[PDB]
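This is run_24.cif (mmCIF, C-alpha atoms and all ligand atoms; chains and numbers go by the auth columns).
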```cif
data_query
#
loop_
_atom_site.group_PDB
_atom_site.id
_atom_site.type_symbol
_atom_site.label_atom_id
_atom_site.label_comp_id
_atom_site.label_asym_id
_atom_site.label_seq_id
_atom_site.Cartn_x
_atom_site.Cartn_y
_atom_site.Cartn_z
_atom_site.B_iso_or_equiv
_atom_site.auth_seq_id
_atom_site.auth_asym_id
ATOM 1 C CA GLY A 1 -26.118 10.371 -7.359 0.00 42 E
ATOM 2 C CA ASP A 2 -25.574 7.181 -5.381 0.00 43 E
ATOM 3 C CA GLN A 3 -26.214 4.019 -7.393 0.00 44 E
ATOM 4 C CA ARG A 4 -27.153 0.922 -5.407 0.00 45 E
ATOM 5 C CA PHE A 5 -25.751 -2.161 -7.152 0.00 46 E
ATOM 6 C CA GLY A 6 -26.415 -5.267 -5.110 0.00 47 E
ATOM 7 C CA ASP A 7 -24.919 -4.674 -1.677 0.00 48 E
ATOM 8 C CA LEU A 8 -22.502 -1.993 -2.968 0.00 49 E
ATOM 9 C CA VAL A 9 -22.849 1.711 -3.757 0.00 50 E
ATOM 10 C CA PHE A 10 -21.232 3.584 -6.653 0.00 51 E
ATOM 11 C CA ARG A 11 -21.000 7.365 -7.011 0.00 52 E
ATOM 12 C CA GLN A 12 -19.626 9.323 -9.946 0.00 53 E
ATOM 13 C CA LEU A 13 -17.146 11.968 -8.787 0.00 54 E
ATOM 14 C CA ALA A 14 -15.850 13.255 -12.133 0.00 55 E
ATOM 15 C CA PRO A 15 -16.361 12.391 -15.828 0.00 56 E
ATOM 16 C CA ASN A 16 -13.867 9.492 -15.593 0.00 57 E
ATOM 17 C CA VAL A 17 -13.905 8.776 -11.816 0.00 58 E
ATOM 18 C CA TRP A 18 -16.294 6.794 -9.608 0.00 59 E
ATOM 19 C CA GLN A 19 -16.181 5.878 -5.920 0.00 60 E
ATOM 20 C CA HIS A 20 -16.972 2.284 -4.921 0.00 61 E
ATOM 21 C CA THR A 21 -18.387 1.552 -1.458 0.00 62 E
ATOM 22 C CA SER A 22 -18.724 -1.814 0.277 0.00 63 E
ATOM 23 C CA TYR A 23 -19.841 -2.805 3.771 0.00 64 E
ATOM 24 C CA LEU A 24 -18.699 -5.348 6.343 0.00 65 E
ATOM 25 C CA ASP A 25 -20.738 -6.147 9.443 0.00 66 E
ATOM 26 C CA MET A 26 -17.849 -6.060 11.894 0.00 67 E
ATOM 27 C CA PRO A 27 -18.813 -7.217 15.408 0.00 68 E
ATOM 28 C CA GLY A 28 -18.345 -4.332 17.825 0.00 69 E
ATOM 29 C CA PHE A 29 -18.285 -1.653 15.112 0.00 70 E
ATOM 30 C CA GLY A 30 -21.493 -1.999 13.077 0.00 71 E
ATOM 31 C CA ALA A 31 -21.622 -2.256 9.301 0.00 72 E
ATOM 32 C CA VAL A 32 -18.514 -0.318 8.266 0.00 73 E
ATOM 33 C CA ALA A 33 -18.424 1.366 4.861 0.00 74 E
ATOM 34 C CA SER A 34 -15.155 1.420 2.930 0.00 75 E
ATOM 35 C CA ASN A 35 -14.520 3.465 -0.217 0.00 76 E
ATOM 36 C CA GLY A 36 -12.171 3.043 -3.139 0.00 77 E
ATOM 37 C CA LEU A 37 -11.934 4.437 -6.676 0.00 78 E
ATOM 38 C CA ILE A 38 -12.533 3.430 -10.288 0.00 79 E
ATOM 39 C CA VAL A 39 -10.862 5.518 -13.015 0.00 80 E
ATOM 40 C CA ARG A 40 -11.336 5.308 -16.778 0.00 81 E
ATOM 41 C CA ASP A 41 -8.129 6.172 -18.639 0.00 82 E
ATOM 42 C CA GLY A 42 -8.916 6.078 -22.347 0.00 83 E
ATOM 43 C CA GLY A 43 -9.763 2.499 -23.264 0.00 84 E
ATOM 44 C CA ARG A 44 -8.958 0.933 -19.910 0.00 85 E
ATOM 45 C CA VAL A 45 -10.038 1.050 -16.268 0.00 86 E
ATOM 46 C CA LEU A 46 -7.853 1.414 -13.170 0.00 87 E
ATOM 47 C CA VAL A 47 -8.995 0.456 -9.659 0.00 88 E
ATOM 48 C CA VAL A 48 -7.854 1.823 -6.298 0.00 89 E
ATOM 49 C CA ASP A 49 -8.506 -0.597 -3.387 0.00 90 E
ATOM 50 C CA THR A 50 -10.543 -3.779 -3.286 0.00 91 E
ATOM 51 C CA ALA A 51 -13.792 -4.133 -1.410 0.00 92 E
ATOM 52 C CA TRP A 52 -13.778 -5.945 1.930 0.00 93 E
ATOM 53 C CA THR A 53 -14.335 -9.377 0.343 0.00 94 E
ATOM 54 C CA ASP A 54 -13.683 -11.358 -2.813 0.00 95 E
ATOM 55 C CA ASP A 55 -17.405 -11.582 -3.602 0.00 96 E
ATOM 56 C CA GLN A 56 -17.848 -7.819 -3.213 0.00 97 E
ATOM 57 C CA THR A 57 -14.769 -7.194 -5.344 0.00 98 E
ATOM 58 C CA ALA A 58 -16.164 -9.447 -8.081 0.00 99 E
ATOM 59 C CA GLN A 59 -19.280 -7.275 -7.872 0.00 100 E
ATOM 60 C CA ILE A 60 -17.147 -4.163 -8.475 0.00 101 E
ATOM 61 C CA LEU A 61 -15.842 -5.836 -11.635 0.00 102 E
ATOM 62 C CA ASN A 62 -19.423 -6.695 -12.621 0.00 103 E
ATOM 63 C CA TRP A 63 -20.455 -3.050 -12.222 0.00 104 E
ATOM 64 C CA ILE A 64 -17.450 -1.985 -14.307 0.00 105 E
ATOM 65 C CA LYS A 65 -18.428 -4.426 -17.060 0.00 106 E
ATOM 66 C CA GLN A 66 -22.030 -3.195 -17.120 0.00 107 E
ATOM 67 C CA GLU A 67 -21.418 0.562 -16.757 0.00 108 E
ATOM 68 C CA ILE A 68 -18.031 1.064 -18.476 0.00 109 E
ATOM 69 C CA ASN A 69 -17.372 -2.131 -20.472 0.00 110 E
ATOM 70 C CA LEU A 70 -13.602 -1.713 -20.818 0.00 111 E
ATOM 71 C CA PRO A 71 -10.841 -3.970 -19.460 0.00 112 E
ATOM 72 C CA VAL A 72 -9.459 -3.347 -15.978 0.00 113 E
ATOM 73 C CA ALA A 73 -5.745 -2.895 -16.649 0.00 114 E
ATOM 74 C CA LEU A 74 -4.554 -2.800 -13.040 0.00 115 E
ATOM 75 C CA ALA A 75 -5.453 -2.259 -9.413 0.00 116 E
ATOM 76 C CA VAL A 76 -3.425 -0.575 -6.684 0.00 117 E
ATOM 77 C CA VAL A 77 -4.256 -1.195 -3.021 0.00 118 E
ATOM 78 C CA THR A 78 -3.373 1.288 -0.321 0.00 119 E
ATOM 79 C CA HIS A 79 -2.432 -0.820 2.750 0.00 120 E
ATOM 80 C CA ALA A 80 -2.583 -4.366 4.158 0.00 121 E
ATOM 81 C CA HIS A 81 -5.953 -4.266 5.919 0.00 122 E
ATOM 82 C CA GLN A 82 -9.150 -6.071 4.866 0.00 123 E
ATOM 83 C CA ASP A 83 -11.057 -3.056 3.642 0.00 124 E
ATOM 84 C CA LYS A 84 -8.305 -2.317 1.082 0.00 125 E
ATOM 85 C CA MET A 85 -6.928 -5.755 0.167 0.00 126 E
ATOM 86 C CA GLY A 86 -9.572 -8.288 1.229 0.00 127 E
ATOM 87 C CA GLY A 87 -10.606 -8.893 -2.371 0.00 128 E
ATOM 88 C CA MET A 88 -7.177 -9.537 -3.906 0.00 129 E
ATOM 89 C CA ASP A 89 -8.076 -13.098 -4.975 0.00 130 E
ATOM 90 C CA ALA A 90 -11.034 -11.768 -6.993 0.00 131 E
ATOM 91 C CA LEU A 91 -8.740 -9.425 -8.923 0.00 132 E
ATOM 92 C CA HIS A 92 -6.311 -12.258 -9.611 0.00 133 E
ATOM 93 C CA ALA A 93 -9.106 -14.597 -10.707 0.00 134 E
ATOM 94 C CA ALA A 94 -10.143 -11.871 -13.176 0.00 135 E
ATOM 95 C CA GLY A 95 -6.617 -11.637 -14.613 0.00 136 E
ATOM 96 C CA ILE A 96 -5.970 -8.104 -13.331 0.00 137 E
ATOM 97 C CA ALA A 97 -2.410 -6.973 -12.567 0.00 138 E
ATOM 98 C CA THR A 98 -2.184 -5.877 -8.941 0.00 139 E
ATOM 99 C CA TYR A 99 0.154 -3.464 -7.140 0.00 140 E
ATOM 100 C CA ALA A 100 0.828 -2.553 -3.510 0.00 141 E
ATOM 101 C CA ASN A 101 3.558 -0.925 -1.450 0.00 142 E
ATOM 102 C CA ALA A 102 6.323 -3.499 -1.004 0.00 143 E
ATOM 103 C CA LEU A 103 5.715 -3.242 2.750 0.00 144 E
ATOM 104 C CA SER A 104 2.014 -4.026 2.244 0.00 145 E
ATOM 105 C CA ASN A 105 2.970 -7.172 0.323 0.00 146 E
ATOM 106 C CA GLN A 106 5.424 -8.157 3.066 0.00 147 E
ATOM 107 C CA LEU A 107 2.746 -7.639 5.736 0.00 148 E
ATOM 108 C CA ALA A 108 -0.111 -9.245 3.791 0.00 149 E
ATOM 109 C CA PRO A 109 0.257 -12.880 5.000 0.00 150 E
ATOM 110 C CA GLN A 110 0.382 -11.995 8.705 0.00 151 E
ATOM 111 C CA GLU A 111 -2.604 -9.665 8.236 0.00 152 E
ATOM 112 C CA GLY A 112 -4.619 -12.465 6.635 0.00 153 E
ATOM 113 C CA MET A 113 -4.357 -10.826 3.204 0.00 154 E
ATOM 114 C CA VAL A 114 -3.210 -12.151 -0.150 0.00 155 E
ATOM 115 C CA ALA A 115 -0.280 -10.139 -1.492 0.00 156 E
ATOM 116 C CA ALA A 116 -0.488 -8.164 -4.695 0.00 157 E
ATOM 117 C CA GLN A 117 1.513 -9.460 -7.647 0.00 158 E
ATOM 118 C CA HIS A 118 3.798 -6.404 -7.862 0.00 159 E
ATOM 119 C CA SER A 119 5.543 -4.211 -5.296 0.00 160 E
ATOM 120 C CA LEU A 120 5.781 -0.442 -5.419 0.00 161 E
ATOM 121 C CA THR A 121 8.869 1.176 -3.956 0.00 162 E
ATOM 122 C CA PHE A 122 9.274 4.796 -2.977 0.00 163 E
ATOM 123 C CA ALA A 123 11.933 7.470 -3.114 0.00 164 E
ATOM 124 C CA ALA A 124 13.030 9.143 0.110 0.00 165 E
ATOM 125 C CA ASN A 125 10.716 12.077 -0.656 0.00 166 E
ATOM 126 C CA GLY A 126 7.668 9.788 -0.849 0.00 167 E
ATOM 127 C CA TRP A 127 7.014 9.663 -4.584 0.00 168 E
ATOM 128 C CA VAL A 128 6.715 6.195 -6.097 0.00 169 E
ATOM 129 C CA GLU A 129 9.719 4.994 -8.060 0.00 170 E
ATOM 130 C CA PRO A 130 8.191 5.254 -11.557 0.00 171 E
ATOM 131 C CA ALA A 131 9.616 1.970 -12.854 0.00 172 E
ATOM 132 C CA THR A 132 7.584 0.116 -10.203 0.00 173 E
ATOM 133 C CA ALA A 133 4.291 1.713 -11.310 0.00 174 E
ATOM 134 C CA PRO A 134 4.250 1.101 -15.080 0.00 175 E
ATOM 135 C CA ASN A 135 1.153 2.100 -17.041 0.00 176 E
ATOM 136 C CA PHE A 136 -0.489 3.891 -14.105 0.00 177 E
ATOM 137 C CA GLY A 137 -1.780 6.634 -16.418 0.00 178 E
ATOM 138 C CA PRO A 138 -3.141 9.538 -14.373 0.00 179 E
ATOM 139 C CA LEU A 139 -2.619 7.767 -11.021 0.00 180 E
ATOM 140 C CA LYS A 140 0.148 9.486 -9.025 0.00 181 E
ATOM 141 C CA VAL A 141 1.166 7.360 -6.041 0.00 182 E
ATOM 142 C CA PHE A 142 2.675 8.942 -2.928 0.00 183 E
ATOM 143 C CA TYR A 143 3.869 7.459 0.359 0.00 184 E
ATOM 144 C CA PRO A 144 3.257 10.256 2.914 0.00 185 E
ATOM 145 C CA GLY A 145 4.933 8.568 5.869 0.00 186 E
ATOM 146 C CA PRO A 146 3.514 6.316 8.568 0.00 187 E
ATOM 147 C CA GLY A 147 0.102 7.224 9.918 0.00 188 E
ATOM 148 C CA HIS A 148 -2.998 5.023 9.941 0.00 189 E
ATOM 149 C CA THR A 149 -0.479 2.256 9.231 0.00 190 E
ATOM 150 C CA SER A 150 3.229 2.205 8.461 0.00 191 E
ATOM 151 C CA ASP A 151 2.527 1.115 4.857 0.00 192 E
ATOM 152 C CA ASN A 152 -0.339 3.468 3.969 0.00 193 E
ATOM 153 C CA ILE A 153 -0.088 5.022 0.508 0.00 194 E
ATOM 154 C CA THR A 154 -2.126 7.693 -1.260 0.00 195 E
ATOM 155 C CA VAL A 155 -3.157 8.389 -4.850 0.00 196 E
ATOM 156 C CA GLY A 156 -3.781 11.575 -6.821 0.00 197 E
ATOM 157 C CA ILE A 157 -5.660 11.567 -10.124 0.00 198 E
ATOM 158 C CA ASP A 158 -3.910 13.795 -12.648 0.00 199 E
ATOM 159 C CA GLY A 159 -6.320 15.835 -14.745 0.00 200 E
ATOM 160 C CA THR A 160 -8.874 16.032 -11.923 0.00 201 E
ATOM 161 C CA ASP A 161 -9.211 17.838 -8.625 0.00 202 E
ATOM 162 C CA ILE A 162 -9.269 14.502 -6.749 0.00 203 E
ATOM 163 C CA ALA A 163 -6.793 12.959 -4.327 0.00 204 E
ATOM 164 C CA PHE A 164 -7.376 9.762 -2.331 0.00 205 E
ATOM 165 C CA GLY A 165 -6.103 9.512 1.229 0.00 206 E
ATOM 166 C CA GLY A 166 -7.462 6.060 2.051 0.00 207 E
ATOM 167 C CA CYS A 167 -7.577 5.395 5.756 0.00 208 E
ATOM 168 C CA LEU A 168 -5.007 8.097 6.558 0.00 209 E
ATOM 169 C CA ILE A 169 -7.553 10.918 6.161 0.00 210 E
ATOM 170 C CA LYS A 170 -10.840 11.400 8.042 0.00 211 E
ATOM 171 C CA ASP A 171 -13.545 13.907 7.182 0.00 212 E
ATOM 172 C CA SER A 172 -13.553 17.519 8.410 0.00 213 E
ATOM 173 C CA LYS A 173 -16.151 16.750 11.115 0.00 214 E
ATOM 174 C CA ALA A 174 -14.757 13.393 12.250 0.00 215 E
ATOM 175 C CA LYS A 175 -14.664 12.797 15.994 0.00 216 E
ATOM 176 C CA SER A 176 -11.656 10.469 15.983 0.00 217 E
ATOM 177 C CA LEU A 177 -8.871 8.950 13.926 0.00 218 E
ATOM 178 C CA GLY A 178 -10.615 5.571 13.827 0.00 219 E
ATOM 179 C CA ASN A 179 -8.644 2.346 14.146 0.00 220 E
ATOM 180 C CA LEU A 180 -5.209 3.164 15.561 0.00 221 E
ATOM 181 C CA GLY A 181 -4.276 -0.477 16.226 0.00 222 E
ATOM 182 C CA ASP A 182 -1.492 -0.407 13.613 0.00 223 E
ATOM 183 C CA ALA A 183 -0.962 3.353 13.584 0.00 224 E
ATOM 184 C CA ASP A 184 2.169 5.433 14.079 0.00 225 E
ATOM 185 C CA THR A 185 0.826 8.037 16.495 0.00 226 E
ATOM 186 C CA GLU A 186 4.063 10.053 16.611 0.00 227 E
ATOM 187 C CA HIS A 187 4.218 10.599 12.835 0.00 228 E
ATOM 188 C CA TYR A 188 0.507 10.685 11.901 0.00 229 E
ATOM 189 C CA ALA A 189 0.110 14.475 11.834 0.00 230 E
ATOM 190 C CA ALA A 190 3.148 15.050 9.608 0.00 231 E
ATOM 191 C CA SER A 191 2.086 12.224 7.294 0.00 232 E
ATOM 192 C CA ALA A 192 -1.390 13.719 6.888 0.00 233 E
ATOM 193 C CA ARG A 193 0.157 17.121 6.104 0.00 234 E
ATOM 194 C CA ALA A 194 2.601 15.534 3.655 0.00 235 E
ATOM 195 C CA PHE A 195 -0.350 14.033 1.764 0.00 236 E
ATOM 196 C CA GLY A 196 -1.834 17.527 1.452 0.00 237 E
ATOM 197 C CA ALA A 197 1.471 18.988 0.271 0.00 238 E
ATOM 198 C CA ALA A 198 1.927 16.269 -2.370 0.00 239 E
ATOM 199 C CA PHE A 199 -1.404 17.102 -3.983 0.00 240 E
ATOM 200 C CA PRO A 200 -1.909 20.896 -3.548 0.00 241 E
ATOM 201 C CA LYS A 201 -4.348 21.167 -6.451 0.00 242 E
ATOM 202 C CA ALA A 202 -6.765 18.495 -5.064 0.00 243 E
ATOM 203 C CA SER A 203 -9.930 20.218 -3.875 0.00 244 E
ATOM 204 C CA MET A 204 -11.893 16.948 -3.544 0.00 245 E
ATOM 205 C CA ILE A 205 -10.412 14.643 -0.909 0.00 246 E
ATOM 206 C CA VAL A 206 -11.653 11.050 -1.101 0.00 247 E
ATOM 207 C CA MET A 207 -11.139 8.738 1.863 0.00 248 E
ATOM 208 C CA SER A 208 -11.980 5.266 3.134 0.00 249 E
ATOM 209 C CA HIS A 209 -14.844 5.886 5.558 0.00 250 E
ATOM 210 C CA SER A 210 -16.568 9.182 4.730 0.00 251 E
ATOM 211 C CA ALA A 211 -18.002 10.889 1.680 0.00 252 E
ATOM 212 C CA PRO A 212 -15.639 13.085 -0.363 0.00 253 E
ATOM 213 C CA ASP A 213 -14.808 16.310 1.440 0.00 254 E
ATOM 214 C CA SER A 214 -12.884 19.538 0.989 0.00 255 E
ATOM 215 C CA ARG A 215 -9.262 19.963 2.061 0.00 256 E
ATOM 216 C CA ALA A 216 -10.571 20.677 5.562 0.00 257 E
ATOM 217 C CA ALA A 217 -10.480 16.878 5.883 0.00 258 E
ATOM 218 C CA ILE A 218 -6.675 17.134 5.716 0.00 259 E
ATOM 219 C CA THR A 219 -6.278 20.052 8.126 0.00 260 E
ATOM 220 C CA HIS A 220 -8.763 18.548 10.591 0.00 261 E
ATOM 221 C CA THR A 221 -7.168 15.090 10.458 0.00 262 E
ATOM 222 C CA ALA A 222 -3.724 16.586 11.051 0.00 263 E
ATOM 223 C CA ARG A 223 -5.001 18.784 13.888 0.00 264 E
ATOM 224 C CA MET A 224 -6.534 15.736 15.585 0.00 265 E
ATOM 225 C CA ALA A 225 -3.280 13.830 15.079 0.00 266 E
ATOM 226 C CA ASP A 226 -1.366 16.698 16.715 0.00 267 E
ATOM 227 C CA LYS A 227 -3.068 15.601 19.951 0.00 268 E
ATOM 228 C CA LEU A 228 -1.661 12.060 19.713 0.00 269 E
ATOM 229 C CA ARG A 229 1.843 13.432 20.308 0.00 270 E
HETATM 230 O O1 LIG B . -8.364 0.006 10.068 0.00 301 E
HETATM 231 P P1 LIG B . -9.232 -0.250 8.822 0.00 301 E
HETATM 232 O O2 LIG B . -10.211 0.862 8.541 0.00 301 E
HETATM 233 O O3 LIG B . -8.329 -0.473 7.605 0.00 301 E
HETATM 234 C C1 LIG B . -10.272 -1.744 9.111 0.00 301 E
HETATM 235 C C2 LIG B . -11.188 -1.517 10.331 0.00 301 E
HETATM 236 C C3 LIG B . -12.243 -0.704 10.181 0.00 301 E
HETATM 237 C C4 LIG B . -13.112 -0.458 11.248 0.00 301 E
HETATM 238 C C5 LIG B . -12.833 -1.012 12.482 0.00 301 E
HETATM 239 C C6 LIG B . -11.735 -1.852 12.664 0.00 301 E
HETATM 240 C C7 LIG B . -11.403 -2.435 13.901 0.00 301 E
HETATM 241 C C8 LIG B . -10.306 -3.228 14.022 0.00 301 E
HETATM 242 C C9 LIG B . -9.489 -3.464 12.894 0.00 301 E
HETATM 243 N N1 LIG B . -9.832 -2.898 11.735 0.00 301 E
HETATM 244 C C10 LIG B . -10.891 -2.092 11.590 0.00 301 E
HETATM 245 ZN ZN ZN B . -6.509 0.114 7.775 0.00 302 E
HETATM 246 ZN ZN ZN B . -10.095 2.342 7.455 0.00 303 E
#
```
Represent the structure of the file as structure tokens.
Ligand SMILES: O=P(O)(O)Cc1cccc2cccnc12
Ligand SMILES: [Zn+2]
Ligand SMILES: [Zn+2]
Amino acid sequence: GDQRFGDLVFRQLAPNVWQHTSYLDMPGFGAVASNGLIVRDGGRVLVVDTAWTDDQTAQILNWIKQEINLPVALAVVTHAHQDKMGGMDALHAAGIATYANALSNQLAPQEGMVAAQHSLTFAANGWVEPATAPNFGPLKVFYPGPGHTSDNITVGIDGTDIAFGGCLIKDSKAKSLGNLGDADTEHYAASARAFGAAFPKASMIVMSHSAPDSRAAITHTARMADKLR
């Protein structure tokens, strides 16, 4: 059930949940797909992650207008790399309230990103401080510890079997942990396992660079990360 919409791909995952996919021709790595989420919560839409670029992110909003036709109340982005935050200006131009881990917003300028408007902060156990995530509806935001990056955050969708690991989690057949340039290799395995423990009911694991998978994505990612230590 993939829907080609311009240069992007959209796939319904649940009655109120769709995955957005965008591509960037990155020299040395081919045309890399990146996934995020679109969630309808009653009369509004919530977005997880931008596309790689402003133009692609505007195209996500165009798809939302044509297929859902409800306002986008907010977006949350899951770390300060291009695939997750590269389209921040398009969200701001559209009047959408944007949220990121405080550390992502601090890192955004040096990473070439535009910061989100609002900062999420996290309790010692990883759960978002609820006052910093107002009106998130079914989105449950969890900081699992440093892994793919020090700022990576994850999102469960209450009322569904879906949890989103972003670039922390790779699929159950993945050959590597991908881009470790900003990774915490010592803590990766525990962070991947903490994501699994935060969302024990999630049987569909969504991630940045592979199609949705079973929880074997979590166990396999953690087992690969065991080897980094
Ligand atoms: O780490 P990601 O997935 O957020 C962004 C990304 C994806 C693929 C290859 C990369 C190479 C260098 C830097 N970033 C890359
Ligand atoms: Zn990244
Ligand atoms: Zn990635």
Mind telling me what the PyMOL selection byres (((chain E and resi 139) around 6) and not hetatm) catches here, as a ChimeraX atom specification?
/E:115-117,138,140,157-158
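If you count all atoms listed in the file and ignore residues fewer than 2 places along the chain from range 128-130 of chain E, what sits within 10 Å of it is residues 90, 91, 92, 93, 94, 95, 96, 97, 98, 99, 116, 118, 123, 124, 125, 126, 132, 133, 134, 135, 136, 137, 139, 154, 155, 156, 157 and 158 of chain E.
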Under the rule of at most 12 Å, produce a per-residue listing of chain E near ligand ZN 303 (chain E): chain, number, name, the closest pair of atoms, and the distance in Å, as CSV, using all atoms listed in the file.
```
residue,atom,partner,partner_atom,distance
E:63,CA,E:ZN303,ZN,12.0
E:64,CA,E:ZN303,ZN,11.6
E:65,CA,E:ZN303,ZN,11.6
E:70,CA,E:ZN303,ZN,11.9
E:73,CA,E:ZN303,ZN,8.9
E:74,CA,E:ZN303,ZN,8.8
E:75,CA,E:ZN303,ZN,6.9
E:76,CA,E:ZN303,ZN,8.9
E:77,CA,E:ZN303,ZN,10.8
E:90,CA,E:ZN303,ZN,11.3
E:92,CA,E:ZN303,ZN,11.6
E:93,CA,E:ZN303,ZN,10.6
E:119,CA,E:ZN303,ZN,10.3
E:120,CA,E:ZN303,ZN,9.5
E:121,CA,E:ZN303,ZN,10.6
E:122,CA,E:ZN303,ZN,7.9
E:123,CA,E:ZN303,ZN,8.9
E:124,CA,E:ZN303,ZN,6.7
E:125,CA,E:ZN303,ZN,8.1
E:126,CA,E:ZN303,ZN,11.3
E:188,CA,E:ZN303,ZN,11.6
E:189,CA,E:ZN303,ZN,8.0
E:190,CA,E:ZN303,ZN,9.8
E:193,CA,E:ZN303,ZN,10.4
E:206,CA,E:ZN303,ZN,10.3
E:207,CA,E:ZN303,ZN,7.1
E:208,CA,E:ZN303,ZN,4.3
E:209,CA,E:ZN303,ZN,7.7
E:210,CA,E:ZN303,ZN,9.0
E:211,CA,E:ZN303,ZN,9.1
E:217,CA,E:ZN303,ZN,11.9
E:218,CA,E:ZN303,ZN,9.3
E:219,CA,E:ZN303,ZN,7.2
E:220,CA,E:ZN303,ZN,6.8
E:221,CA,E:ZN303,ZN,9.5
E:222,CA,E:ZN303,ZN,10.9
E:223,CA,E:ZN303,ZN,10.9
E:224,CA,E:ZN303,ZN,11.0
E:248,CA,E:ZN303,ZN,8.6
E:249,CA,E:ZN303,ZN,5.5
E:250,CA,E:ZN303,ZN,6.2
E:251,CA,E:ZN303,ZN,9.8
```
Could you write those residues out with C-alpha atoms, as an mmCIF file, in the coordinates of the input?
```cif
data_model
loop_
_atom_site.group_PDB
_atom_site.id
_atom_site.type_symbol
_atom_site.label_atom_id
_atom_site.label_comp_id
_atom_site.auth_asym_id
_atom_site.auth_seq_id
_atom_site.Cartn_x
_atom_site.Cartn_y
_atom_site.Cartn_z
ATOM 1 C CA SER E 63 -18.724 -1.814 0.277
ATOM 2 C CA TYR E 64 -19.841 -2.805 3.771
ATOM 3 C CA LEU E 65 -18.699 -5.348 6.343
ATOM 4 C CA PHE E 70 -18.285 -1.653 15.112
ATOM 5 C CA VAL E 73 -18.514 -0.318 8.266
ATOM 6 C CA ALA E 74 -18.424 1.366 4.861
ATOM 7 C CA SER E 75 -15.155 1.420 2.930
ATOM 8 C CA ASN E 76 -14.520 3.465 -0.217
ATOM 9 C CA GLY E 77 -12.171 3.043 -3.139
ATOM 10 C CA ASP E 90 -8.506 -0.597 -3.387
ATOM 11 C CA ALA E 92 -13.792 -4.133 -1.410
ATOM 12 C CA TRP E 93 -13.778 -5.945 1.930
ATOM 13 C CA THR E 119 -3.373 1.288 -0.321
ATOM 14 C CA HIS E 120 -2.432 -0.820 2.750
ATOM 15 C CA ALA E 121 -2.583 -4.366 4.158
ATOM 16 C CA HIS E 122 -5.953 -4.266 5.919
ATOM 17 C CA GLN E 123 -9.150 -6.071 4.866
ATOM 18 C CA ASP E 124 -11.057 -3.056 3.642
ATOM 19 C CA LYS E 125 -8.305 -2.317 1.082
ATOM 20 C CA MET E 126 -6.928 -5.755 0.167
ATOM 21 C CA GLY E 188 0.102 7.224 9.918
ATOM 22 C CA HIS E 189 -2.998 5.023 9.941
ATOM 23 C CA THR E 190 -0.479 2.256 9.231
ATOM 24 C CA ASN E 193 -0.339 3.468 3.969
ATOM 25 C CA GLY E 206 -6.103 9.512 1.229
ATOM 26 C CA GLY E 207 -7.462 6.060 2.051
ATOM 27 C CA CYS E 208 -7.577 5.395 5.756
ATOM 28 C CA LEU E 209 -5.007 8.097 6.558
ATOM 29 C CA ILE E 210 -7.553 10.918 6.161
ATOM 30 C CA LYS E 211 -10.840 11.400 8.042
ATOM 31 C CA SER E 217 -11.656 10.469 15.983
ATOM 32 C CA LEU E 218 -8.871 8.950 13.926
ATOM 33 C CA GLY E 219 -10.615 5.571 13.827
ATOM 34 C CA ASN E 220 -8.644 2.346 14.146
ATOM 35 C CA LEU E 221 -5.209 3.164 15.561
ATOM 36 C CA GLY E 222 -4.276 -0.477 16.226
ATOM 37 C CA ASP E 223 -1.492 -0.407 13.613
ATOM 38 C CA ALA E 224 -0.962 3.353 13.584
ATOM 39 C CA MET E 248 -11.139 8.738 1.863
ATOM 40 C CA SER E 249 -11.980 5.266 3.134
ATOM 41 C CA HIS E 250 -14.844 5.886 5.558
ATOM 42 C CA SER E 251 -16.568 9.182 4.730
#
```
So which residues touch residue 195 in chain E within 8 Å, counting only C-alpha atoms, skipping near sequence neighbours fewer than 4 positions away, as a ChimeraX atom specification?
/E:119,182-185,204-207,236
Those residues with C-alpha atoms, as a CSV table (one decimal), in the frame of the given file please?
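Full text of out30.csv as output:
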```
chain,number,residue,atom,x,y,z
E,119,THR,CA,-3.4,1.3,-0.3
E,182,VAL,CA,1.2,7.4,-6.0
E,183,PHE,CA,2.7,8.9,-2.9
E,184,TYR,CA,3.9,7.5,0.4
E,185,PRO,CA,3.3,10.3,2.9
E,204,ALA,CA,-6.8,13.0,-4.3
E,205,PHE,CA,-7.4,9.8,-2.3
E,206,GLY,CA,-6.1,9.5,1.2
E,207,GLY,CA,-7.5,6.1,2.1
E,236,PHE,CA,-0.4,14.0,1.8
```
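Using all atoms listed in the file, the nearest neighbour of residue 53 in chain E within the list E:165, E:235, E:79, E:257 is E:79.
Atom pair CA of residue 270 in chain E / CA of residue 226 in chain E: separated by 6.7 Å.
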Neighbouring residues of residue 180 in chain E were defined as those with any atom within 9 Å, considering only C-alpha atoms; residues of the same chain fewer than 2 positions away were excluded. Please report them as a CSV table (one decimal) with C-alpha atoms, in the frame of the given file.
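Here's the written file part.csv:
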```
chain,number,residue,atom,x,y,z
E,80,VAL,CA,-10.9,5.5,-13.0
E,87,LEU,CA,-7.9,1.4,-13.2
E,177,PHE,CA,-0.5,3.9,-14.1
E,178,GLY,CA,-1.8,6.6,-16.4
E,182,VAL,CA,1.2,7.4,-6.0
E,196,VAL,CA,-3.2,8.4,-4.8
E,197,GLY,CA,-3.8,11.6,-6.8
E,198,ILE,CA,-5.7,11.6,-10.1
E,199,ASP,CA,-3.9,13.8,-12.6
```
